[PDB]
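Commentary on secondary and tertiary structure
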Amino acid sequence: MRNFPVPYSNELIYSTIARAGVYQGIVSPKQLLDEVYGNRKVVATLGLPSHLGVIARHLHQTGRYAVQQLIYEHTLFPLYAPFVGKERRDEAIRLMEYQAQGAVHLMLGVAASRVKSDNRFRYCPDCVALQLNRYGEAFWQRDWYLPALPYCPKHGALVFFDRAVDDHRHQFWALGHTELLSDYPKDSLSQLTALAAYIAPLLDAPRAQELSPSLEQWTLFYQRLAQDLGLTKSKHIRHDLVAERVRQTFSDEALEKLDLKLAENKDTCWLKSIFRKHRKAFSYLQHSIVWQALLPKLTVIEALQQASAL
Amino acid sequence: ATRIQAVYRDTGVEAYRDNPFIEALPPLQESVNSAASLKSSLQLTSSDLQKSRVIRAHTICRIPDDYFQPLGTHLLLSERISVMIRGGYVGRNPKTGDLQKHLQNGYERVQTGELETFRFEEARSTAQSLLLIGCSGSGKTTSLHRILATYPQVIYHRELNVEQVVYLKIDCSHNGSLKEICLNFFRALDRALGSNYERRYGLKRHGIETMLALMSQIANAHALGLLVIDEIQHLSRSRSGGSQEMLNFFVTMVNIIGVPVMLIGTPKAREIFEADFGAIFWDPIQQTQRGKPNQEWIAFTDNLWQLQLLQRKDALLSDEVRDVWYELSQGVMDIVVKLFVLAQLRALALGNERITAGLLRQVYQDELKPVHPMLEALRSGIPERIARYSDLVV
Amino acid sequence: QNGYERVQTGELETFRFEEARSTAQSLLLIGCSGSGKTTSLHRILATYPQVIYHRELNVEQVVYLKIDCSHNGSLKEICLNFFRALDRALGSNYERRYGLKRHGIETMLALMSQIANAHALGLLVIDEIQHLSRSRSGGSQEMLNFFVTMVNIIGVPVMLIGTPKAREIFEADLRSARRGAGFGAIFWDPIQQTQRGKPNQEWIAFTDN
Amino acid sequence: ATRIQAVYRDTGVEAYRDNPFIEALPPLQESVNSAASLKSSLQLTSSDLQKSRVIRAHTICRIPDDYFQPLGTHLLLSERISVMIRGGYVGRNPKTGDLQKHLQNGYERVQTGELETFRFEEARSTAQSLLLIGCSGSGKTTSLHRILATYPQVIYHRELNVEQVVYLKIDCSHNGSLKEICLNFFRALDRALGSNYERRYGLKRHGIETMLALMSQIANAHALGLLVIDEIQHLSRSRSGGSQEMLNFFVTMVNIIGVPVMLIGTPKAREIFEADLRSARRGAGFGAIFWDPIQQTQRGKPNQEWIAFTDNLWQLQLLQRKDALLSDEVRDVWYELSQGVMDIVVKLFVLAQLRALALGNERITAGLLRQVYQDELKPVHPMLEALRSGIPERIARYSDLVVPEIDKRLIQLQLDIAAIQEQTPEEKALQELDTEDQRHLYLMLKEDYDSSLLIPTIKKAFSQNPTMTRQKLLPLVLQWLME
DNA sequence: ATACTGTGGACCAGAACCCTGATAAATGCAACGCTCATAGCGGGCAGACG
DNA sequence: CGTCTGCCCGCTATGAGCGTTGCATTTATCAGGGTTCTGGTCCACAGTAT
Ligand SMILES: Nc1ncnc2c1ncn2[C@@H]1O[C@H](COP(=O)(O)OP(=O)(O)OP(O)(O)=S)[C@@H](O)[C@H]1O
Ligand SMILES: Nc1ncnc2c1ncn2[C@@H]1O[C@H](COP(=O)(O)OP(=O)(O)O)[C@@H](O)[C@H]1O
Ligand SMILES: Nc1ncnc2c1ncn2[C@@H]1O[C@H](COP(=O)(O)OP(=O)(O)O)[C@@H](O)[C@H]1O
Ligand SMILES: [Mg+2]
Ligand SMILES: [Mg+2]
Ligand SMILES: [Mg+2]
Ligand SMILES: [Zn+2]
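Method of determination, as given in the entry header: cryo-EM; reported resolution: 3.83 Å.

Below you can see the structure in the form of structure tokens.
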């Protein structure tokens with residue numbers, strides 16, 4: 001290819017590859033994969049893409065875009081790197097730069113979505129107007145495609161329509177302006193919007209480049225934080241203050257929208273699994289909700305500072 | 001294929017204040033310096049006059065390829081081409097979000113197969129058109145290879161990634177078949193850029209309707225400046241329904257798509273245009289401009305005359321030789337140079353090292369016989385007699 | 001690039017960035033049948049070697065290539081015979097790789113240029129142009145349009161040979177006549193016994209030898 | 001074209017008895033010392049130290065080409081290649097009959113008569129087709145270029161009008177093609193023979209089968225010793241065709257030609273032949289001699305190869321402030337810096353002297369080697385750490401990496417060395433002193449104390465007796481100093 | 001101050017998966033086939049005389 | 001009235017451009033096993049009742 005579009009500010013690479021075929025009258029879905037990569041077996045993925053580097057060689061004559069900038073600033077990889085572990089973070093890039101695809105989701109053992117859960121194509125009613133007025137084009141954005149919360153962090157709730165990534169595995173689709181974007185009455189859960197606003201700044205923050213606290217470090221930090229202001233009895237978990245904080249700040253309908261039911265009656269609950277010694281990777285939702293419940297006046301980056309320092 | 005990095009100017013006109021495309025070109029020049037810039041000649045030097053005969057013969061024969069002189073009209077043509085190639089980028093600005101609309105609409109025409117489909121009514125296109133009709137042998141192609149050689153062809157930007165192509169030139173197929181013009185547009189952007197658009201767009205058997213939209217969208221994939229079409233007379237020789245099809249597609253492209261187009265052809269191709277744009281007519285030069293002999297003829301004859309390579313020659317020119325030239329050639333720009341070169345070649349070969357009128361007459365009547373019948377009509381001057389044949393003034 | 005900065009900063013007022021090729025000229029040679037227009041060409045062109053291979057570069061220089069027209073008369077056999085006469089001087093298989101039936105005439109003409117630039121072709125002589133005066137060529141003006149649209153081949157000056165029957169029928173338009181005699185049209189004639197009442201030394205010497 | 005007339009030595013081995021092709025080869029009785037005599041090195045004296053810094057820069061720039069120290073694997077490769085070369089002519093015996101006549105005679109004798117049992121096993125090729133897989137930057141090509149050039153290439157016979165080509169070298173290039181090797185064999189035969197085989201056999205019209213068919217004829221006509229295909233790593237799989245059909249093509253090459261053939265490659269190219277290598281099948285052949293970098297430790301102690309190479313390479317230093325003994329810390333550090341890869345170990349030492357001649361003090365420090373490592377080993381950062389990791393996949397993925405265009409960088413090093421203004425105090429001392437063979441005493445005893453008194457004392461003694469040998473001069477200059 | 005009970009961390013084991021090879025069916029695509037227009041041709045009709 | 005010896009014209013032959021079609025081709029569908037996964041288990045350990 002001779003004219004590969006430069007990615008806009010804060011967009012996914014999937015929409016960039018789509019606009020790389022919208023701009024030159026290529027309508028057969030096979031030819032786009034034939035020209036961009038050269039293989040007819042390459043897949044289409046939203047968040048954590050692979051085969052990167054071939055997408056950077058096209059932009060090579062521009063000295064700015066490289067592999068590291070593409071992966072950190074233009075994917076959904078920032079959400080998984082700091083929390084899981086340092087060595088896995090450092091090896092994910094070398095596993096992802098090359099042609100391997102199956103190992104990417106396996107090694108980062110959190111992407112067991114099974115059936116495509118909310119992988120329907122999503123957009124926002126108000127953001128598209130701003131993108132139109134300031135650019136003249138519409139595209140997919142990383143703010144919309146948060147893995148769990150189906151809410152735009154600034155405002156409102158995303159507009160689901162009926163299609164899926166598994167409907168066509170070998171097709172890159174760009175957003176169509178002539179495809180009608182119809183508004184619906186906004187049904188918003190304010191707690192979910194607040195959580196989205198709280199978790200948004202981590203996506204574009206330089207300090208998340210290398211800071212990943214260790215497993216034992218996580219355990220000591222959580223024990224010390226629980227004992228700082230009295231969330232732990234003498235060698236026993238209180239089980240009451242932890243529940244009443246999260247029920248004060250979060251209601252039950254928010255938790256069922258997040259599919260994160262608490263189980264005080266049942267012994268196996270994720271809240272108790274967090275406070276016990278960690279052995280597997282944990283999602284950002286649990287850490288975020290614990291941070292919000294335990295102390296409400298601290299930012300995500302400085303929370304990671306305090307977690308990692310001690 | 002001259003890849004050049006772009007460094008911008010600062011234009012004065014407020015309409016061009018933002019574009020990178022129109023601020024990447026070399027500046028337009030005043031008519032005073034433009035006439036001097038175009039002119040080129042030979043190095044000559046007196047050291048060759050006493051060299052061998054064979055070494056002199058090739059230097060004599062190298063006259064017609066390296067000798068250009070600007071006439072009166074070329075200074076108008078350069079200005080008009082500059083204006084018409086600068087006026088086609090104000091509606092495709094990438095900074096203020098205009099190329100994205102002009103390029104997004106072109107996908108819809110590809111999908112449905114109609115060229116009148118539009119998605120954004122705000123997209124406005126500005127373009128111009130011209131035709132350059134002149135008698136054969138008047139040197140109109142070389143004018144469009146020397147005026148349009150100041151602008152470099154492929155310029156590469158770095159803020160964007162667009163590889164702008166400033167000008168492109170195609171030749172219509174001899175049969176005029178409606179598929180080969182589209183198949184030859186992907187064979188000039190194929191060599192001037194070093195790619196393989198032909199394989200991905202031509203081998204896959206598509207209809208003409210979709211192949212016409214593929215052209216109009218690929219031309220806007222880059223920033224095409226000028227699509228000049230040479231040898232337009234072959235369009236009349238196609239099958240039925242094609243004579244008007246690409247006299248409507250080439251005005252659809254100018255009006256809707258927004259790529260400027262200029263057509264160049266012979267006088268016998270004017271009929272299809274008039275079977276139903278600014279018009280510039282080119283005519284062979286004549287000495288008898290109003291009541292006194294023209295200065296251009298004398299100046300050009302002296303400039304060509306000072307390139308002789310004969311050991312014993314007449315430095316000053318005589319008017320009888322000028323009259324012989326004007327009565328044997330009739331002023332068409334091809335005959336004069338070839339006639340002079342042949343005359344001095346025969347003079348060098350014979351042994352008589354000086355050019356005379358008799359030698360000119362003998363060479364003209366012995367070596368240019370396939371050309372005489374048409375020149376008889378030009379020499380006679382009768383309108384009815386000159387009206388026959390083709391490629392003559394009408 | 002340096003000229004580009006000098007013209008952008010205002011120091012230099014002009015530059016010549018790139019100039020296309022304008023060095024394509026042809027010639028026609030007609031003479032009465034039996035006057036020796038072919039054995040007077042093979043022996044002249046037998047002095048220049050055909051294939052020259054350069055070590056410094058990686059190109060092969062085909063100095064000249066001789067094509068003959070067919071017996072019936074059409075453009076497609078000329079176009080394919082170019083390939084059939086090119087694959088013999090070199091070692092190659094152009095005829096089967098490129099000379100397929102799917103391609104039209106215009107595609108073959110546009111495709112000859114790539115091969116004529118890959119090897120620095122110098123001269124292309126077409127003889128026996130007699131056969132193309134009247135045949136199932138699709139039209140005299142169409143075949144003339146072919147012979148004038150043969151300008152898009154990269155340079156490669158061409159020489160055309162035919163009987164005096166070819167001239168009057170074949171050159172009857174200014175735009176094609178000026179391209180036939182682009183470098184003078186050489187005309188041939190039989191030997192004359194009496195020059196001006198004096199015996200010619202040419203005839204005497206030839207007969208005695 | 002060393003067209004020496006065949007002088008027929010006698011070898012006591014029964015298998016090589018009375019073979020005109022074999023006897024023309026050099027004898028092998030003291031070849032062990034000959035194999036160990038491959039060692040070459042520059043000659044450096046103390047005189048070159050006082051020269052100007054550009055001359056020293058040229059001398060240092062000349063070290064990579066003319067330095068070679070044999071190691072353990074070179075002896076094994078030499079003996080194996082000697083066995084392959086000399087065992088390859090037992091079949092094509094010219095004086096007696098060929099192989100097919102022998103098999104037919106054996107069958108006719110076992111039919112009737114009293115020849116009870118005849119074995120039809122015959123020769124698999126004539127020796128095993130060795131496959132010398134190793135990591136790039138280890139030194140295969142120079143090893144073959146030296147150990148295969150001690151045999152004369154052409155032995156022009158007298159009674160038989162045949163040419164005994166002893167070895168040959170095909171070499172692919174970047175983005176090669178399958179037919180390119182077949183064409184290049186014919187093209188390269190011309191340089192070894194002086195003929196024009198490309199004109200008659202090198203036509204592009206021929207298919208892939210016809211090339212091998214003609215190669216069989218020409219390889220049988222000229223008594224061929226070896227066929228060393230090199231740099232399989234450079235080939236591109238997708239351009240030629242099916243990757244798995246390359247193994248079929250190579251097997252067809254090995255079967256048809258019949259002369260011993262030895263390929264070279266990198267662990268990236270191993271996956272092409274891995275199907276035959278894993279099986280212990282006889283007939284697949286393709287025995288592999290693995291090339292590995294120098295190991296630091298042996299039995300919990302430093303390996304003698306590493307120290308033996310290190311001291312020999314360290315003797316070539318001409319630094320002005322140089323100490324006699326190599327320090328242990330740098331010995332510890334550059335191995336982990338370079339992982340023992342043969343090429344880059346020498347390159348770091350080459351670049352260190354050039355960098356130290358310009359940065360300031362003329363010595364060797366760990367920080368200097370680190371700085372050179374971040375300077376000119378950027379393309380090879382991934383492969384070095386892959387070797388450090390030890391996982392075979394990491395090493396396999398990062399093979400074929402080489403530093404581009406080091407020679408051009410050497411020129412700009414030299415140009416930067418040329419342009420300098422200030423001078424060292426030792427430079428001043430050598431310039432002001434009459435350093436015409438009187439310099440040697442000053443240099444050998446400079447580091448004992450300050451040379452301020454030394455500069456006039458040697459002059460005093462030398463003017464006292466102008467006619468002395470340095471041998472008698474040393475006691476006197478030593479005696480006057482202590483006073 | 002030691003038996004009783006919670007409990008956290010370490011630990012068995014069935015299960016959804018999911019990857020891969022063997023086999024039938026839909027299918028795109030160079031491979032001829034067809035059509036269209038165009039230029040020369042030999043049996044048939046008007047003609048015509050002794 | 002035979003015949004006649006050259007005219008024509010509806011015809012036959014043929015180049016030029018485009019359009020199906022069987023063919024190879026890829027794609028899609030089904031049985032099966034073992035593997036990592038996570039669900040459930042427990043057991044020594046630490047802190048309280050008698
Ligand atoms: N103004 C001029 N000054 C100098 N030489 C000229 C001039 N005009 C024409 N010529 C010469 O005439 C020839 C130009 O003729 P061409 O390049 O063939 O153009 P053309 O044949 O007139 O274009 P056509 O007939 O429409 S295809 C070259 O030999 C030029 O050197
Ligand atoms: N100068 C000459 N002297 C003798 N014979 C000649 C000469 N020129 C031509 N010929 C004869 O003419 C013949 C070639 O004629 P040719 O060029 O084929 O005619 P055309 O050009 O009409 O085909 C040869 O057989 C040769 O003998
Ligand atoms: N004993 C040695 N002394 C110095 N340099 C060596 C020695 N052995 C190998 N080399 C180095 O190996 C390099 C060539 O080998 P290499 O390039 O690895 O082969 P290939 O080109 O097949 O990869 C040379 O630059 C040379 O400096
Ligand atoms: Mg022209
Ligand atoms: Mg002839
Ligand atoms: Mg090598
Ligand atoms: Zn929004």
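Additional details are given in the paragraphs that follow.
A short note on the protein's contact with DNA strand E
By nearness alone, every residue bordering DNA strand E is listed as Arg114(A), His236(A), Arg276(A), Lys277(A), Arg279(A) and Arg134(C). The sugar-phosphate share of atoms of DNA strand E within 4 Å of the protein amounts to 100%. In this structure, a phosphate oxygen belonging to DNA strand E sits 3.3 Å away from a main-chain N or O atom of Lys277(A). Looking at side-chain class alone, the surface near DNA strand E contains no nonpolar, 1 polar and 5 charged residues.

Some points on the packing of aromatic side chains
A ring pair, where both rings are aromatic, is described by two values, the distance of the centres and the angle of the planes. Inspection of the entire model under this criterion finds 48 aromatic pairs over all chains. Here the aromatic rings of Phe185(B) and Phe186(B) are separated by 5.7 Å at their centres, their planes lie at 70 degrees, and the arrangement is edge-to-face. Taken as a pair, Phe185(B) and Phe186(B) share a single burial class, namely buried. Between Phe147(C) and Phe170(C), the aromatic rings sit 5.6 Å apart at their centres with planes inclined by 80 degrees, giving edge-to-face as the arrangement. Separated by 23 residues along the polypeptide, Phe147(C) in helix α6 (residues 140–149) and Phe170(C) in helix α7 (residues 164–170) bring together distant segments of the chain. With relative accessibility at 16%, the residue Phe147(C) sits in the buried group. An aromatic cluster is defined as three or more aromatic residues linked by ring pairs; in this entry it consists of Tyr14(A), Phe121(A), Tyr123(A), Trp140(A), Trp144(A), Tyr145(A), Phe161(A), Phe172(A) and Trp173(A). Positioned above the aromatic ring of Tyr197(B), the side-chain terminus of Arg200(B) is 5.1 Å from the ring centre. A cation over an aromatic ring shows up here: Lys460(D) above the ring of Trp480(D), its NZ or CZ 4.7 Å from the ring centre.

A closer look at a nonpolar patch on the surface
Side chains of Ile191(C), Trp203(C), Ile204(C) and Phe206(C) sit close together on the surface and give an oily, nonpolar patch of about 420 Å² of accessible area. Since its relative accessible area comes to 45%, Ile191(C) is described here as partly exposed.

Notes on the protein's contact with DNA strand F
Taken together, the neighbourhood of DNA strand F is formed by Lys235(A), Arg239(B), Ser74(C) and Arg136(C). Here DNA strand F approaches the protein such that, of its atoms within 4 Å, sugar and phosphate make up 100%. Grouping the constituent residues of the surface near DNA strand F by class yields no nonpolar, 1 polar and 3 charged.

Let's talk about unusual backbone geometry
What you tend to see is this: most non-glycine residues have negative phi, and most peptide bonds are trans. Notably, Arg114(A) is not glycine yet its phi reads approximately 65 degrees, a positive angle. Here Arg114(A) is to be found in the loop between α7 (102–107) and α8 (125–134). Given the relative accessible area of 75%, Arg114(A) is considered exposed. Of note, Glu231(B) is a non-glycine position whose phi angle comes to about 60 degrees, a positive value. As for its position among the elements, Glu231(B) is in the loop between β6 (226–230) and α9 (245–257).

Some details on the UniProt feature "DNA-binding region" in chain A
Within this numbering scheme, the UniProt entry marks residues 222–241 of chain A as carrying the feature "DNA-binding region". Between the C-alpha atoms that bound residues 222–241 of chain A the distance is 15 Å, and the span itself is 40% helix and 20% strand.

Observations regarding the side chain of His119(C)
Residues and elements named next belong to chain C. Here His119 is to be found in the loop between α5 (105–118) and β5 (123–127). Polar contacts involving the side chain of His119 include one to the side chain of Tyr94, which spans 3.5 Å. If we skip the residues at most four places from it in the chain, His119 touches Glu60, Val62, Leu90 and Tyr94.

So, the UniProt feature "DNA-binding region" in chain D
Taken from the UniProt record, the annotation "DNA-binding region" applies to residues 386–405 of chain D. The straight-line gap between the two end C-alpha atoms of residues 386–405 of chain D is 23 Å; of that span, 50% is helix and 0% is strand.

Conventions used here
Residues numbered from 1 in each chain as written, not as in the entry; some residues may be left out. Chains lettered and ligands numbered in written order. Part of a larger assembly, values for the part shown. Heavy atoms only, no water. Near = heavy atom within 4 Å. Polar contact = N/O pair within 3.5 Å; in protein donor to acceptor, adjacent residues only side chain to side chain. Nonpolar A, V, L, I, M, F, W, Y, C, P; charged D, E, K, R; others polar. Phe/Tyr/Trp six-rings, centres within 6.5 Å; stacked < 30°, edge-to-face > 60°. Buried < 20%, exposed > 50% of the residue type's maximum accessible area, 1.4 Å probe, protein only. Helix = DSSP H or I, 4+ residues; strand = E, 2+ residues; numbered from the N terminus. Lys NZ or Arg CZ within 6 Å of the ring centre and 35° of its normal. Patch = residues over 30% accessible without salt bridge, like charges linked within 9 Å, V, L, I, M, F, W, Y side chains within 5 Å. Areas by Shrake-Rupley, 256 points an atom, 1.4 Å probe, with all protein chains shown as cover. Salt bridge = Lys/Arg side-chain N within 4 Å of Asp/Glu carboxyl O. UniProt positions renumbered as here; feature names shortened; annotations may be inferred. Contact = heavy atoms within 4.5 Å.

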